[PDB]
Amino acid sequence: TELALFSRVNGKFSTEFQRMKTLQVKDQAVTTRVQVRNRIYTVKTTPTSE
Amino acid sequence: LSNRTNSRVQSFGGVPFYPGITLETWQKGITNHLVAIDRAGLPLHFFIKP
Ligand SMILES: *[C@@H]1O[C@H](CO)[C@@H](O)[C@H](O)[C@H]1NC(C)=O
């Protein structure tokens, strides 16, 4: 704002506002599953066992 | 972001499988670990013969 009256009385009025805002959200979800199954032999009793 | 990996290995015969194995190593490892991949037979009464 500027105001000059009678070419003698001067006035100035300068205002400024600034608002900055920042947001960040970061999600990670890692899920690992390992499953090993070895079956080597099948052992059975002989039918003639005692 | 979304990653989804599924690995499934199924082995019959040969060295116990592990993920980092090469088919070369596996193929050279069946030298003693051989299993029955197919079989044919006869009914039981067919062998009860005079
Ligand atoms: C997993 O996600 C990455 C990014 O983090 C991507 O480059 C890749 O292609 C995806 N798949 C595998 C098997 O890594």
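Student: I'd love a proper account of the overall build of chain A, names of residues and values included.
Tutor: On a plain count of helices and strands, chain A comes out with zero helices and two strands. On C-alpha atoms alone, chain A measures out to a radius of gyration of 43 Å, which is more than a quarter above the 10 Å that the 2.2 N^0.38 rule sets for 50 residues. The proportion of buried residues among the 50 residues of chain A is 0%. Of the accessible surface of chain A, which amounts to about 6,700 Å², a share of 49% is contributed by carbon and sulfur atoms. Measuring between centres, the 9 positive side-chain charges of chain A sit 4 Å from its 4 negative side-chain charges.

Student: Go over the pattern of salt bridges, please, and point to the residues and values.
Tutor: Inspection of the entire model under this criterion finds one salt bridge over all chains. Between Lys28 of chain B and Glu24 of chain B there is a salt bridge, and its shortest N-O distance comes to 3.1 Å.

Student: Describe unusual backbone geometry, listing the residues and the values that go with them.
Tutor: Residues and elements named next belong to chain A. For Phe6, which is not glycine, the phi torsion reads 60° and is therefore positive. Structurally, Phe6 can be placed in the loop between β1 (2-5) and β2 (9-12). For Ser7, which is not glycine, the phi dihedral falls at a positive 55°. Turning to its location among the elements, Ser7 is positioned in the loop between β1 and β2.

Student: Run through the pairing of β1 of chain A, naming residues and quoting values.
Tutor: Moving residue by residue along a regular strand, the side chains alternate between the two faces of the sheet. All names here are of chain A. Sheet topology note: the β1/β2 ladder contains four bridges and is antiparallel. Its bridge partner lying in β2, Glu2 is registered against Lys12. The turn joining β1 and β2, which pair antiparallel and follow one another in sequence, is formed by three residues; a positive phi near 60° is taken by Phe6.

Calculation criteria
- Residues numbered from 1 in each chain as written, not as in the entry; some residues may be left out.
- Chains lettered and ligands numbered in written order.
- Part of a larger assembly, values for the part shown.
- Heavy atoms only, no water.
- Helix = DSSP H or I, 4+ residues; strand = E, 2+ residues; numbered from the N terminus.
- Rg over C-alpha atoms; globule rule 2.2 N^0.38 Å.
- Buried < 20%, exposed > 50% of the residue type's maximum accessible area, 1.4 Å probe, protein only.
- Areas by Shrake-Rupley, 256 points an atom, 1.4 Å probe, with all protein chains shown as cover.
- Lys, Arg positive; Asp, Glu negative; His and termini not counted.
- Charge placed at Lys NZ, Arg CZ, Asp CG, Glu CD.
- Salt bridge = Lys/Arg side-chain N within 4 Å of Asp/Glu carboxyl O.
- Pairing = 2+ DSSP bridges.

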